[PDB]
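This report refers to the structure that appears directly beneath it.
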Amino acid sequence: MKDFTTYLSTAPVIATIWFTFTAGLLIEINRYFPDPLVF
Amino acid sequence: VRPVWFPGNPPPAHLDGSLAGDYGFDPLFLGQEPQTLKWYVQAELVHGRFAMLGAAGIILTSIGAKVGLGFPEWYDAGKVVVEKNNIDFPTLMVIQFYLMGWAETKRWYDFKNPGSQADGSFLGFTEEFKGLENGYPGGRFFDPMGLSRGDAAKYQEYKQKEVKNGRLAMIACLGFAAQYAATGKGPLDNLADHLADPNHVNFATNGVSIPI
Amino acid sequence: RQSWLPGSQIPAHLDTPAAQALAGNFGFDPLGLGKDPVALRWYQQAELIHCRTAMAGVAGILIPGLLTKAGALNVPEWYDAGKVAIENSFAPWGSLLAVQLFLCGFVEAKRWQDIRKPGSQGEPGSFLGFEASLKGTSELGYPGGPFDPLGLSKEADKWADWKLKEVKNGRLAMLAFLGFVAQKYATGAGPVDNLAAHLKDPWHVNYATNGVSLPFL
Amino acid sequence: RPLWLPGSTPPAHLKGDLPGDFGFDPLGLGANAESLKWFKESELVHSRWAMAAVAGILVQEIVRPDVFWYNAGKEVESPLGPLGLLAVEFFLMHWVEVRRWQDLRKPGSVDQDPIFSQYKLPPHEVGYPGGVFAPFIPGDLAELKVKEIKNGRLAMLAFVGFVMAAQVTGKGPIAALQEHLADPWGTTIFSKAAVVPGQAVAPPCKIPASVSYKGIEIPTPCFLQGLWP
Amino acid sequence: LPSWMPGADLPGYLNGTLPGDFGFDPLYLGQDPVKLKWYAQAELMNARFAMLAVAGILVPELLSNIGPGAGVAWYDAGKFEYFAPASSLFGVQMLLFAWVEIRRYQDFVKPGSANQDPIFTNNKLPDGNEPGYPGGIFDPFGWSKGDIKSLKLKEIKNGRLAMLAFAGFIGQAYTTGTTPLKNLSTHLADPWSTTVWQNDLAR
Amino acid sequence: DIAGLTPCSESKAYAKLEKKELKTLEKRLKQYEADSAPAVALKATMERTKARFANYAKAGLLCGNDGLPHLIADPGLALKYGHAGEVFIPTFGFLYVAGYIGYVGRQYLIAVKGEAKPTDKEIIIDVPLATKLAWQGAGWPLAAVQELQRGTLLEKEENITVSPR
Ligand code: CLA
Ligand code: CLA
Ligand SMILES: CC1=C[C@H](O)CC(C)(C)[C@H]1/C=C/C(C)=C/C=C/C(C)=C/C=C/C=C(C)/C=C/C=C(C)/C=C/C1=C(C)C[C@H](O)CC1(C)C
Ligand SMILES: CC1=C[C@H](O)CC(C)(C)[C@H]1/C=C/C(C)=C/C=C/C(C)=C/C=C/C=C(C)/C=C/C=C(C)/C=C/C1=C(C)C[C@H](O)CC1(C)C
């Protein structure tokens, strides 16, 4: 389990999780606030 | 020696038997680290205690709903309380966040620093917010009748009873949720239907649980 | 000692004699801004100045706003007082702002050079007769002389108490002014009116019901 | 040393020291000593209020019939106002209760009269004051305490029996005993209700609804009314 | 030691040197002795002005119901003529009390330094200074002969009672809308239907 | 207004473009049922189109001859005519979050160079230390100007240089 957490701490897995979080956050913001251009 | 969840297999090395409810049940090895196992012990106790309190609420309100007292069913209870009283929903939710976040955060930072909430910084209280063990906070407030400091072997027996009743109430609440999602009825109405026709009214006749 | 969270670890830069002897130390730097001691000196000064001008501002909000609900002092709302006063006034607001920029910039630069060097504004010759009474009082941000006329800072057995009362009332007045701005944008009424509404119906008139502060619910 | 079950063993924290000690503690609620002092005091106070309550209900039904003790608070009348009576009871009971509680939490610290400094109450034990509270004693305290706790436990059971019999039958204790003597086979709790896995039947509540007093409209529910047999 | 609550543990800094020392401080406000000196002097001053206030509210109303320029209630004293507007009287009050108040404060700062008459420099208060307890011309009838341990205690008891009484008069007046001796006359006419709970619920 | 541009709520090609997009959506709508999911999705599309055109007309945008919103990138002209929300507030918001990312990366690099395996902490990310620096990175402009004023933001000339210089 320690080795599995080290594997999850490796670089492409963290890039995948972090870009999934960032893309989902932007997707959620563009859903609930549709089409923002200003402010 | 001790009874394992799966007879024949030895228990894992990180589950020894010192814990209450220690049956060696960790096939995914989620608690190999001792700090993660400590945190999961306390999460198990909190989920279990909320499930026991919730399941007792479900059962008592459903008894009072089948016997003609006018109690709602639990999937309509929150709506009818908010609408029949003078209660706005988001203010009661925010007050819940305040009180539960205060108490919960005291629990969090007593997990982090183990004797630190008994400093006197909360109003004047000392050693009444000191914990006894991991997830066992018995002082004068949380153990007022005082069963954890007399007859220690009987207190170990109560720890075993608490963990077993908590696991039973967690699967019972998962019960009530699944039973409602399948049948669309009150759970003690479902119990009345099973007592009416045991051989014919069940999950193999709901038409949802086995779709064949 | 006392802390903003019991059980949290106090940052190591707020646990030194120079930090523990300051005022209002409760170990609250989670963003780690005061790890640099020069930065902590500058931020001590910025906190003292924001405290004092926030107390003066919030007193100018509350005391006319409390007394305007009683008989005397027909005073407009604090978000209308600039317009009502400049209608009452004699000068345009641009000229009044220019005068206050010069008059504040002089005093501000005095304080600025005192922050840079503590024994600075007492040059013999640099002022007519100000120069003797414009040094510090061995603690920066706490001047003496014409500032503090009544001599309340002379007794040492009261001094940490006066410091800590000042830093608590200042932080609380800063919260009050951020509240004044927030309530003004959310509700549209004055803060005494907001207090009267929360006293008239607490369980229905609050920030969970204004339709602005949390719009997901 | 008689026991609640003859032949069993008492729990290890029960020896026979306190009066009324018959080794009955299945949940183990007295293994702490500091808890057991509080629960001894609470047992004595519950027992004394329940004995006075059963005496009040019995003498009330004997002396003044057609007044139902569950509704004496409703159908009583006085020029004494309800809030005035409640205020007198509030201040005087807050006084007496705080004196007794101070004697509990600090043992023997409120013995002396505050107004008349001559009169001091003698040293005693907690729960058993003595002095002017006990002017006349028949016999010895080593048996009278046992008699007091036995009569008090029996009267606590009697008071909860009065409450349940009043909510299920609607009559007083003497009238309900006359009912059970007029039909012993036909008027029991077994004879009024039963739960079978087919269907369940509970007795109708004989206490109607929210009681209309002088504008307060007191809600009057029955105790655990969905769980009766 | 007569406690406010017998049997309780009293704060250790309270020792009977103050008049009316009954060990009552649950909020521990008197830990610092400097704050305790200030609070003792402030207790004396609030108590003595409250005793004068309760006398000045009782006696005109106690004489208005029996057999005298005005029988006006105590909280309507501002709407009466008094040969002058109230602002000028405010100014006179603030000048004379600026003098007297700062003179008392200089005694409290330096004890034994505000005793002699500034204009007629032969007149003088004696050397029994005791800040808060002046003496001399302030005791013209020759009292204080008693120890004063007793008289000081009677002074602080009547003062605490009149402080509670004035907090009374403000509260009772703001609730009932009326005058306190008429409130006492209603509580004597029917105490059982006229309580605080009766009027509060009659709202 | 600015640069000969009419406001969009005054512009006519803006209204023509709104009407044209509604016309295309209703020509696609008119070949289905009422309670059908394509009709529901197209009515949600038309609702979002009307809401978008109303919000852009409400925000005070400037339209051209084509009916399209034009942005003004000049701090003084934007702050004078009420257009700071389109370039000026977005550029300070971007600089806050971009310096956030850069300062958290720089603090992670400095934290992992002080060990016996900096490349190992670069390949396998120290997640508690990275989350600690990611939460502490909110005071990055204050911390950056303090590290500037101490002379610790910058390395001296112990850098790698070529033969030429
Ligand atoms: C009114 C509350 C009350 C309290 C505080 C006590 C307290 C005590 N009892 Mg007593 N007891 C009572 C009522 C009470 N009793 C009644 C009514 C009876 C007759 C049935 C008895 C019969 C009895 C016997 C035979 C003995 C005791 C003993 C004791 C002592 C030690 C046991 C213990 O530690 O548990 C502490 C008890 C409590 C904390 C009260 C329980 C509270 C739970 C949560 C409620 C559960 C009650 C349940 C709803 C049933 C209600 C009645 C039912 C018929 C409807 C302790 C001082 C022993 C003793 O005297 O040794 C020194 C002993 O031998 N009791
Ligand atoms: C990137 C380069 C750049 C360019 C080409 C412009 C261009 C312009 N600026 Mg802008 N400006 C800029 C960046 C720039 N700006 C920056 C970074 C700031 C913040 C410091 C400003 C703050 C600003 C203000 C407050 C104002 C302008 C104005 C203008 C317009 C007229 C002034 C001029 O011709 O000076 C050429 C530009 C430069 C040499 C670049 C430096 C800009 C300096 C710092 C400010 C210049 C303001 C100027 C003195 C005001 C003239 C008043 C005008 C009525 C005559 C012109 C379109 C004015 C306007 O609104 O006109 C309608 C105006 O009032 N600018
Ligand atoms: C151990 C292990 C190990 C290995 O390694 C792996 C694995 C296997 C994965 C694991 C397992 C796991 C599991 C089984 C889990 C489960 C859980 C649960 C079910 C919970 C619940 C839990 C549950 C819970 C809390 C619950 C609670 C509840 C509540 C509160 C309720 C409430 C309510 C009420 C009263 C009534 C109203 O009207 C409504 C409501 C509001 C609704
Ligand atoms: C500490 C720390 C640390 C860590 O590390 C991190 C963190 C957390 C981030 C931090 C925190 C922070 C914070 C919270 C801050 C806040 C502040 C404030 C609130 C200020 C205000 C502040 C405020 C202020 C000054 C104010 C002032 C005011 C004034 C003058 C006023 C004026 C006025 C008046 C009279 C009236 C008229 O009619 C108008 C006007 C003109 C309007």
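Residue numbers (UniProt numbering), protein chains in the order written: chain W, 1 to 39; chain Z, 29 to 240; chain P, 27 to 243; chain C, 29 to 257; chain D, 58 to 124, 128 to 263; chain Y, 63 to 227.
All C-beta atoms, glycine included, are put in the ideal place defined by N, C-alpha and C.
P:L57 and Y:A200 have their alpha carbons spaced roughly 7 Å apart. Beyond the five residues adjoining it in sequence on each side, Y:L87 comes within less than 8 Å, by CB distance, of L104, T107, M108 and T111 in the same chain, given in chain order. Bounds of the alpha helix (DSSP H) holding Z:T64 are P62 to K94. Spanning the alpha carbons of D:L185 and D:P76 requires a straight line of approximately 22 Å.
The nearest non-hydrogen atom of ligand 3 is less than 7 Å from the C-beta of Z:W102.
The Cβ-Cβ distance between P:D62 and Y:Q169 does not fall below 8 Å.
In this structure, the C-beta of Z:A79 approaches ligand 3 to less than 7 Å from one of its heavy atoms. Segment contact: the segment 196 to 215 of chain P against the segment 89 to 100 of chain Z, fewer than three CB-CB distances shorter than 8 Å; contact not assigned.
Here Z:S90 is buried: its Cβ has 16 or more other Cβ atoms, across all protein chains shown, within 10 Å.
Cβ proximity to chain C below 7 Å picks out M173, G174, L175, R177, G178, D179 and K182 from the segment 153 to 186 of chain Z.
Y:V102 and Z:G45 have their C-alpha atoms roughly 59 Å apart. At a cut-off of 8 Å between beta carbons, C:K134 contacts chain D. Secondary structure at Y:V224: coil, using DSSP grouped into helix, strand and coil. Within the same chain, and ignoring the five residues on either side of Z:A200 in sequence, the residues whose Cβ sits closer than 6 Å to its Cβ are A83. Excluding residues up to 5 positions away in sequence, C70, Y118, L123, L124 and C125 lie with their Cβ nearer than 8 Å to the Cβ of Y:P131 in the same chain. When the five nearest sequence neighbours on each side are left out, the beta carbons in the same chain lying within less than 8 Å of the beta carbon of Z:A220 are those of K94, in order along the chain. For ligand 1, a non-hydrogen atom lies closer than 7 Å to the CB of C:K68. Your pair D:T246 and D:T254 checks out as a contact, with CB atoms roughly 5 Å apart and the cut at 8 Å.
The beta-carbon of P:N100 is placed no less than 8 Å from the nearest beta-carbon of chain Z. For P:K184, a Cβ of chain D is located within less than 8 Å of the residue's own Cβ. Contact check for C:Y241 and C:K102: beta-carbon distance about 6 Å, within the 8 Å limit, so the pair qualifies. In the three-state DSSP reduction, Y:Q208 falls in the helix class (H, G or I).
In the three-state reduction of the DSSP assignment, W:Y32 falls in the helix class, which pools H, G and I.
Comparing alpha-carbon positions, the option among C:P47, C:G155 and C:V239 lying closest to C:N99 turns out to be C:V239. Neighbours of D:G188 across chain C, judged by C-beta separation under 9 Å, do not exist; the nearest C-beta is about 33 Å away.
Using a Cβ-Cβ cut-off of 8 Å, Z:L58 is close to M1 of chain W, given in chain order. With a threshold of 8 Å between beta carbons, Z:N227 makes no contact with chain P. Collapsing the DSSP output to three states places Y:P131 in a strand. Setting aside the 5 residues that flank it on each side, C:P201 is surrounded in the same chain by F190, each with a C-beta closer than 6 Å to its C-beta; the list follows chain order.
Looking at the backbone, the Cα of C:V223 and that of Z:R168 are separated by about 40 Å. With a cutoff of 7 Å, Y:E177 does not count as near ligand 1, since its C-beta is closer than that to no heavy atom of the ligand. Considering only beta carbons, the part of the segment 79 to 95 of chain D lying closer than 7 Å to chain P consists of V91, in chain order. Interface residue (Cβ-Cβ distance to chain C less than 8 Å): Z:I91 is classified as such. A contact is defined here as three or more CB-CB pairs under 8 Å, and the segment 68 to 81 of chain P meets this definition with respect to the segment 190 to 200 of chain P. In terms of side-chain proximity, the C-beta atom of Z:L202 is found nearer than 7 Å to a non-hydrogen atom of ligand 3. For D:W252, there is no enclosing alpha helix (DSSP H), as DSSP gives it neither H nor E.
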